[PDB]
$ cat entry.txt   # compact mmCIF, C-alpha atoms and all ligand atoms
# COMPACT_ATOMS: atom_id res chain seq x y z
CA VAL A 3 0.00 0.00 0.00
CA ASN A 4 1.21 3.50 -0.91
CA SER A 5 -0.14 7.07 -0.64
CA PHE A 6 -1.14 7.84 -4.30
CA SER A 7 -4.87 8.66 -4.71
CA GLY A 8 -7.38 8.97 -7.59
CA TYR A 9 -5.22 7.11 -10.06
CA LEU A 10 -6.79 5.00 -12.77
CA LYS A 11 -5.07 1.63 -13.08
CA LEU A 12 -3.94 0.93 -16.65
CA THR A 13 -1.99 -2.28 -16.18
CA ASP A 14 -0.55 -4.35 -13.35
CA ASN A 15 2.06 -1.63 -12.72
CA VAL A 16 1.03 1.59 -14.56
CA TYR A 17 -1.42 4.16 -13.13
CA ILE A 18 -2.46 7.52 -14.48
CA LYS A 19 -4.05 10.68 -13.15
CA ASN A 20 -4.95 14.14 -14.43
CA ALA A 21 -2.71 16.10 -12.08
CA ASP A 22 -0.03 18.76 -11.84
CA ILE A 23 3.12 16.77 -11.04
CA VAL A 24 4.39 19.65 -8.88
CA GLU A 25 1.26 19.61 -6.72
CA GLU A 26 1.18 15.82 -6.66
CA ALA A 27 4.77 15.79 -5.59
CA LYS A 28 4.30 18.31 -2.81
CA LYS A 29 1.41 16.22 -1.41
CA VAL A 30 2.80 12.68 -1.71
CA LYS A 31 6.48 13.46 -1.07
CA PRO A 32 7.17 10.39 -3.14
CA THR A 33 10.50 8.62 -2.88
CA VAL A 34 11.17 9.44 -6.57
CA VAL A 35 9.79 12.17 -8.83
CA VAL A 36 10.88 12.00 -12.47
CA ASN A 37 11.99 15.13 -14.26
CA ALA A 38 11.66 15.58 -18.03
CA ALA A 39 15.29 16.71 -18.33
CA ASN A 40 17.57 17.76 -21.24
CA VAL A 41 21.21 16.65 -21.43
CA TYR A 42 22.42 19.97 -19.94
CA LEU A 43 19.97 19.85 -17.00
CA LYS A 44 18.79 23.31 -17.99
CA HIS A 45 15.33 23.37 -16.41
CA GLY A 46 13.79 26.19 -18.39
CA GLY A 47 10.27 25.11 -19.24
CA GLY A 48 7.78 22.32 -19.43
CA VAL A 49 7.82 19.88 -16.54
CA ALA A 50 11.45 20.72 -15.73
CA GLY A 51 10.88 24.45 -15.51
CA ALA A 52 7.82 23.95 -13.36
CA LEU A 53 9.56 21.51 -10.99
CA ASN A 54 12.61 23.77 -10.70
CA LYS A 55 10.46 26.79 -9.95
CA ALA A 56 8.73 24.87 -7.16
CA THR A 57 12.21 24.30 -5.60
CA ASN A 58 12.97 28.06 -5.67
CA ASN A 59 15.77 27.29 -8.23
CA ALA A 60 17.61 24.89 -5.86
CA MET A 61 17.18 22.13 -8.45
CA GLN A 62 19.00 24.28 -11.04
CA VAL A 63 21.83 25.15 -8.62
CA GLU A 64 22.38 21.48 -7.81
CA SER A 65 22.15 20.56 -11.51
CA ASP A 66 24.75 23.13 -12.58
CA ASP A 67 27.23 21.65 -10.09
CA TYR A 68 26.42 18.13 -11.41
CA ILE A 69 27.13 19.19 -15.02
CA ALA A 70 30.30 21.09 -14.10
CA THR A 71 31.65 17.86 -12.53
CA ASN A 72 30.27 15.18 -14.88
CA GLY A 73 29.42 16.81 -18.21
CA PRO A 74 26.12 16.34 -20.04
CA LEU A 75 23.87 13.33 -19.84
CA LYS A 76 23.16 11.10 -22.86
CA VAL A 77 19.83 11.23 -24.67
CA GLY A 78 18.09 8.20 -23.17
CA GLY A 79 20.10 8.54 -19.94
CA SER A 80 19.45 9.72 -16.42
CA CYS A 81 20.91 10.80 -13.11
CA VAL A 82 19.61 10.75 -9.53
CA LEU A 83 19.76 14.05 -7.66
CA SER A 84 17.94 15.53 -4.68
CA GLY A 85 14.16 15.86 -4.71
CA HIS A 86 14.42 19.05 -2.63
CA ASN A 87 10.99 19.98 -1.19
CA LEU A 88 9.13 17.76 -3.69
CA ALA A 89 10.41 14.20 -3.13
CA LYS A 90 13.28 12.30 -1.56
CA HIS A 91 15.02 12.00 -4.96
CA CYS A 92 14.58 13.40 -8.44
CA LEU A 93 15.36 11.06 -11.33
CA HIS A 94 16.30 13.38 -14.22
CA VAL A 95 15.54 11.40 -17.41
CA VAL A 96 16.37 12.62 -20.94
CA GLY A 97 13.85 11.53 -23.53
CA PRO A 98 14.51 12.38 -27.18
CA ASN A 99 13.37 15.87 -28.22
CA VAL A 100 11.56 15.58 -31.51
CA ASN A 101 11.94 19.34 -31.91
CA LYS A 102 15.72 18.69 -31.94
CA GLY A 103 15.51 15.77 -34.39
CA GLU A 104 16.61 13.11 -31.90
CA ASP A 105 15.72 9.46 -32.55
CA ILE A 106 12.40 8.41 -31.08
CA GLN A 107 13.63 4.85 -30.55
CA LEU A 108 15.67 6.35 -27.69
CA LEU A 109 12.36 6.76 -25.84
CA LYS A 110 12.45 3.10 -24.79
CA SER A 111 15.99 3.54 -23.41
CA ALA A 112 14.77 6.59 -21.48
CA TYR A 113 11.92 4.65 -19.85
CA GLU A 114 14.30 1.78 -18.92
CA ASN A 115 15.80 4.11 -16.30
CA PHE A 116 12.51 3.85 -14.37
CA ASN A 117 13.15 0.13 -13.72
CA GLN A 118 15.93 1.02 -11.25
CA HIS A 119 13.26 2.38 -8.85
CA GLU A 120 10.45 0.40 -7.23
CA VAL A 121 7.89 3.28 -7.29
CA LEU A 122 7.94 6.60 -9.21
CA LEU A 123 5.79 9.66 -9.83
CA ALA A 124 6.52 10.60 -13.42
CA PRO A 125 5.41 12.57 -16.47
CA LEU A 126 5.11 11.02 -19.90
CA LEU A 127 8.61 11.16 -21.35
CA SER A 128 9.13 13.16 -24.55
CA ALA A 129 5.58 14.59 -24.32
CA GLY A 130 4.73 18.28 -24.11
CA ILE A 131 7.45 20.56 -25.42
CA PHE A 132 9.63 17.54 -26.30
CA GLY A 133 7.33 17.02 -29.27
CA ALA A 134 6.53 13.30 -29.21
CA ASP A 135 3.04 11.83 -29.42
CA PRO A 136 1.91 11.27 -25.80
CA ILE A 137 -0.15 8.22 -26.85
CA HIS A 138 3.05 6.67 -28.32
CA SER A 139 4.89 7.69 -25.14
CA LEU A 140 2.23 5.99 -22.99
CA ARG A 141 2.50 2.80 -25.08
CA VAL A 142 6.30 2.71 -24.72
CA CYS A 143 5.96 3.34 -20.97
CA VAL A 144 3.53 0.44 -20.51
CA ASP A 145 5.66 -1.88 -22.66
CA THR A 146 8.99 -0.93 -20.98
CA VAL A 147 8.51 -0.04 -17.30
CA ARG A 148 8.04 -3.01 -14.95
CA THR A 149 8.19 -1.09 -11.66
CA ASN A 150 5.21 0.85 -10.29
CA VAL A 151 4.73 4.14 -12.11
CA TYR A 152 2.18 6.85 -11.30
CA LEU A 153 1.86 9.07 -14.32
CA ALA A 154 0.72 12.65 -13.85
CA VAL A 155 -0.82 14.25 -16.95
CA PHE A 156 -1.28 18.01 -16.61
CA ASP A 157 -3.77 18.52 -19.46
CA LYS A 158 -7.26 17.18 -18.73
CA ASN A 159 -8.13 16.96 -22.43
CA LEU A 160 -5.00 14.90 -23.05
CA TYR A 161 -5.61 12.70 -20.00
CA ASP A 162 -9.10 11.80 -21.25
CA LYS A 163 -7.75 11.07 -24.74
CA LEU A 164 -4.97 8.97 -23.46
CA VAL A 165 -7.49 6.96 -21.40
CA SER A 166 -10.08 6.65 -24.17
CA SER A 167 -7.50 5.46 -26.73
CA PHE A 168 -5.54 3.10 -24.44
CA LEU A 169 -5.29 -0.48 -25.69
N1 LIG D 201 3.35 20.81 -14.81
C1 LIG D 201 3.67 20.15 -15.95
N2 LIG D 201 4.15 20.88 -17.03
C2 LIG D 201 4.44 20.19 -18.13
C3 LIG D 201 4.33 18.81 -18.31
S1 LIG D 201 4.73 17.91 -19.76
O1 LIG D 201 4.90 18.90 -20.77
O2 LIG D 201 5.92 17.20 -19.44
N3 LIG D 201 3.50 16.94 -20.02
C4 LIG D 201 3.61 15.68 -20.74
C5 LIG D 201 2.28 15.36 -21.49
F1 LIG D 201 1.48 14.57 -20.82
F2 LIG D 201 2.51 14.71 -22.63
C6 LIG D 201 1.75 16.81 -21.67
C7 LIG D 201 2.14 17.51 -20.40
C8 LIG D 201 0.96 17.35 -19.35
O3 LIG D 201 1.21 16.51 -18.41
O4 LIG D 201 -0.06 18.00 -19.49
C9 LIG D 201 3.83 18.21 -17.15
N4 LIG D 201 3.50 18.79 -16.00
$ encode --input "entry.txt" --output "structure tokens"
Amino acid sequence: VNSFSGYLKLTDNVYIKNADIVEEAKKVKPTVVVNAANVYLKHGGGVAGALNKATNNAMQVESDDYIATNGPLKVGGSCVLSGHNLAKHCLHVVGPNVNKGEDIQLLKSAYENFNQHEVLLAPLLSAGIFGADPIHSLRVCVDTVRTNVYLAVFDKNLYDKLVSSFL
């Protein structure tokens, strides 16, 4: 038993809710919140900008030190950093950005990072400003992640579509 509420169960291990991941994070304090990161951990907009703002820019300060030490992430890769006031940990995951021409097949590699964590609160990778089809992203999530994932979908219209079209 865990503290997530109002989720619709999609599969054995995937759940989904129309929610603002920032607000869901501040209420659940999950062990892991997933960020929709870029390779530079520049949290300017989308999910990342919103999560960083909720940390009063502490996420960005920590991220800049991470990059200065380690260099950029790979597309499809991830790193674990602090969750600040939102979660114990933040898993920063880089899905391919269609608006940068990156290969969509890397979306499966991105979701594989979730399997290193038993339970996660996460957005749909490569959705939103990353330019992928969220229905495709949901399909890859369901077919790749084996751990328990609680997906927060900000847009109510999209949430309903995702539900109504789910196979
Ligand atoms: N607060 C906040 N801001 C942005 C995002 S998103 O852009 O990553 N995301 C992914 C999506 F589902 F495909 C569309 C969008 C959403 O959930 O409506 C998430 N949460």
$ closest_residue --input "entry.txt" --among "A:64, A:162, A:135, A:14" --to "ligand LIG 201 (chain D)" --atoms "all atoms listed in the file"
A:135
$ closest_residue --input "entry.txt" --among "A:144, A:61, A:134, A:75" --to "residue 17 of chain A" --atoms "all atoms listed in the file"
A:144
$ atom_distance --input "entry.txt" --atom1 "atom CA of residue 10 of chain A" --atom2 "atom CA of residue 96 of chain A"
25.7 Å
$ atom_distance --input "entry.txt" --atom1 "atom CA of residue 26 of chain A" --atom2 "atom CA of residue 140 of chain A"
19.1 Å
$ closest_atom_pairs --input "entry.txt" --of "chain A" --to "ligand LIG 201 (chain D)" --cutoff "7 Å" --atoms "all atoms listed in the file" --output "JSON lines"
{"residue": "A:22", "atom": "CA", "partner": "D:LIG201", "partner_atom": "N1", "distance": 4.9}
{"residue": "A:23", "atom": "CA", "partner": "D:LIG201", "partner_atom": "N4", "distance": 5.4}
{"residue": "A:24", "atom": "CA", "partner": "D:LIG201", "partner_atom": "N1", "distance": 6.1}
{"residue": "A:38", "atom": "CA", "partner": "D:LIG201", "partner_atom": "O2", "distance": 6.1}
{"residue": "A:48", "atom": "CA", "partner": "D:LIG201", "partner_atom": "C2", "distance": 4.2}
{"residue": "A:49", "atom": "CA", "partner": "D:LIG201", "partner_atom": "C2", "distance": 3.7}
{"residue": "A:52", "atom": "CA", "partner": "D:LIG201", "partner_atom": "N1", "distance": 5.7}
{"residue": "A:125", "atom": "CA", "partner": "D:LIG201", "partner_atom": "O2", "distance": 5.5}
{"residue": "A:126", "atom": "CA", "partner": "D:LIG201", "partner_atom": "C4", "distance": 5.0}
{"residue": "A:127", "atom": "CA", "partner": "D:LIG201", "partner_atom": "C4", "distance": 6.8}
{"residue": "A:129", "atom": "CA", "partner": "D:LIG201", "partner_atom": "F2", "distance": 3.5}
{"residue": "A:130", "atom": "CA", "partner": "D:LIG201", "partner_atom": "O1", "distance": 3.4}
{"residue": "A:131", "atom": "CA", "partner": "D:LIG201", "partner_atom": "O1", "distance": 5.6}
{"residue": "A:136", "atom": "CA", "partner": "D:LIG201", "partner_atom": "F2", "distance": 4.7}
{"residue": "A:154", "atom": "CA", "partner": "D:LIG201", "partner_atom": "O3", "distance": 6.0}
{"residue": "A:155", "atom": "CA", "partner": "D:LIG201", "partner_atom": "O3", "distance": 3.4}
{"residue": "A:156", "atom": "CA", "partner": "D:LIG201", "partner_atom": "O4", "distance": 3.1}
{"residue": "A:157", "atom": "CA", "partner": "D:LIG201", "partner_atom": "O4", "distance": 3.7}
{"residue": "A:160", "atom": "CA", "partner": "D:LIG201", "partner_atom": "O4", "distance": 6.8}
$ closest_residue --input "entry.txt" --among "A:20, A:72, A:37, A:167" --to "residue 113 of chain A" --atoms "only C-alpha atoms"
A:37
$ residues_around --input "entry.txt" --residues "residue 93 of chain A" --least-positions-apart "4" --cutoff "6 Å" --atoms "only C-alpha atoms" --output "number ranges by chain"
A: 36, 81-82
$ closest_residue --input "entry.txt" --among "A:123, A:108, A:83, A:88" --to "residue 62 of chain A" --atoms "only C-alpha atoms"
A:83
$ closest_residue --input "entry.txt" --among "A:34, A:70, A:100, A:63" --to "residue 117 of chain A" --atoms "all atoms listed in the file"
A:34
$ residues_around --input "entry.txt" --residues "residue 150 of chain A" --least-positions-apart "5" --cutoff "7 Å" --atoms "only C-alpha atoms" --output "PyMOL selection string"
chain A and resi 15-16+120-122
$ closest_residue --input "entry.txt" --among "A:87, A:71, A:57, A:146" --to "residue 29 of chain A" --atoms "all atoms listed in the file"
A:87
$ atom_distance --input "entry.txt" --atom1 "atom CA of residue 66 of chain A" --atom2 "atom CA of residue 79 of chain A"
17.0 Å
$ residues_near_point --input "entry.txt" --point "(14.1, 19.6, -26.4)" --cutoff "8 Å" --atoms "only C-alpha atoms" --output "PDB file with C-alpha atoms, in the frame of the given file"
ATOM      1  CA  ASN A  40      17.570  17.760 -21.240  1.00  0.00           C
ATOM      2  CA  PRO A  98      14.510  12.380 -27.180  1.00  0.00           C
ATOM      3  CA  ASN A  99      13.370  15.870 -28.220  1.00  0.00           C
ATOM      4  CA  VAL A 100      11.560  15.580 -31.510  1.00  0.00           C
ATOM      5  CA  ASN A 101      11.940  19.340 -31.910  1.00  0.00           C
ATOM      6  CA  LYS A 102      15.720  18.690 -31.940  1.00  0.00           C
ATOM      7  CA  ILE A 131       7.450  20.560 -25.420  1.00  0.00           C
ATOM      8  CA  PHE A 132       9.630  17.540 -26.300  1.00  0.00           C
ATOM      9  CA  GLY A 133       7.330  17.020 -29.270  1.00  0.00           C
TER      10      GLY A 133
END
$ residues_around --input "entry.txt" --residues "residue 110 of chain A" --least-positions-apart "6" --cutoff "10 Å" --atoms "only C-alpha atoms" --output "number ranges by chain"
A: 78, 97-98, 127, 139, 141-143, 145-147
$ write_last_selection --input "entry.txt" --atoms "C-alpha atoms" --output "short mmCIF file (atom, residue, chain, number, x, y, z; two decimals), in the coordinates of the input"
data_model
loop_
_atom_site.label_atom_id
_atom_site.label_comp_id
_atom_site.auth_asym_id
_atom_site.auth_seq_id
_atom_site.Cartn_x
_atom_site.Cartn_y
_atom_site.Cartn_z
CA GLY A 78 18.09 8.20 -23.17
CA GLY A 97 13.85 11.53 -23.53
CA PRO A 98 14.51 12.38 -27.18
CA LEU A 127 8.61 11.16 -21.35
CA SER A 139 4.89 7.69 -25.14
CA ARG A 141 2.50 2.80 -25.08
CA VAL A 142 6.30 2.71 -24.72
CA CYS A 143 5.96 3.34 -20.97
CA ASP A 145 5.66 -1.88 -22.66
CA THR A 146 8.99 -0.93 -20.98
CA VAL A 147 8.51 -0.04 -17.30
#
